[PDB]
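The residues making up each chain are set out below.
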Amino acid sequence: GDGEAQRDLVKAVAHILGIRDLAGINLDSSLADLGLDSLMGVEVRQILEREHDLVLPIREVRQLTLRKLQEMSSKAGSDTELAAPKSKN
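Residues numbered from 1 in each chain as written, not as in the entry; some residues may be left out. Heavy atoms only, no water.

This deposited entry lists solution NMR as its structure determination method.

Engineer: Give me the overall build of the chain: which residues, what numbers.
Structural biologist: Check the secondary structure of the chain and you find 5 helices and 0 strands. Secondary structure elements in the chain, listed N-terminal to C-terminal, are α-α-α-α-α. Structurally, the chain occupies a C-alpha span of about 40 × 40 × 25 Å along its principal axes. For the chain, with 89 residues in total, the buried portion stands at 27%. For the chain, the computed accessible surface area is about 6,300 Å², with 44% contributed by carbon and sulfur atoms. Of the side-chain charges in the chain, 12 are positive and 15 negative, and the distance between the mean point of each set is 3 Å. (Helix = DSSP H or I, 4+ residues; strand = E, 2+ residues; numbered from the N terminus. Buried < 20%, exposed > 50% of the residue type's maximum accessible area, 1.4 Å probe, protein only. Areas by Shrake-Rupley, 256 points an atom, 1.4 Å probe, with all protein chains shown as cover. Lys, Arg positive; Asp, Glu negative; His and termini not counted. Charge placed at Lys NZ, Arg CZ, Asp CG, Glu CD.)

Engineer: Pulling in residues and values, what's your account of the side chain of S74?
Structural biologist: Topologically, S74 is positioned in the segment after α5 (67–71). A relative accessible area of 17% means that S74 is categorised as buried. When near neighbours in sequence (up to four residues on either side) are disregarded, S74 contacts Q6, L48, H52 and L54. (Contact = heavy atoms within 4.5 Å.)

Engineer: Mind laying out the pattern of salt bridges, listing which residues take part and the relevant values?
Structural biologist: Within the structure shown, the criterion is met by 4 salt bridges. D8 is the salt-bridge partner of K11, the closest N and O atoms lying 3.8 Å from each other. When its relative accessible area of 17% is taken as the criterion, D8 is described as buried. Taking the shortest distance from any N to any O, the salt bridge between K75 and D8 comes out at 2.7 Å. Of this pair, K75 sits in the segment after α5 while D8 sits in the segment before α1 (13–17), and the two are 67 residues apart along the sequence. The exposure class assigned to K75 is partly exposed, which follows from its relative accessible area of 33%. (Salt bridge = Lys/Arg side-chain N within 4 Å of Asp/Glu carboxyl O.)

Engineer: Outline unusual backbone geometry, listing residues and values.
Structural biologist: Most peptide bonds are trans, and most residues other than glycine sit at a negative phi. We note that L22 has phi near 65 degrees; this positive angle belongs to a residue other than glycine. Not every positive phi belongs to a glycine, and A84 is a case in point at roughly 55 degrees. Mapped onto the elements of the fold, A84 is located in the segment after α5.

Engineer: I'd love a proper account of the environment of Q63, names of residues and values included.
Structural biologist: Inspection of the secondary structure assignment puts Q63 in the loop between α4 (58–61) and α5. Accessibility expressed as a relative area gives 39% for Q63, which makes it partly exposed. Sequence-wise, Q63 and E43 are 20 residues apart; in three dimensions their C-alpha atoms are separated by 15 Å. Excluding its chain neighbours within four sequence positions, the residues that come into contact with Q63 are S30, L31 and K68. There is a polar contact of 2.7 Å between the side chain of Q63 and the backbone oxygen of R59. (Polar contact = N/O pair within 3.5 Å; in protein donor to acceptor, adjacent residues only side chain to side chain.)

Shown next, in the form of structure tokens:
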């Protein structure tokens, strides 16, 4: 029901592509460039919507540059209000 543990989305999404280490796989490539059309967006949504209620749709998910998946993995990211849009002036 609730996740006590959470992994990097690289060990999920990249693992769909058969990657994780990216030894010779480019990291500037958009997720759609990688192969996102079907599962590589559904899997993501089904994870994030339940993990952190973070539903980022395909138009945004398509630019998740593989390691960006672990950046928005939602673990230790939202300490207080995710990134907190707060700027003085």
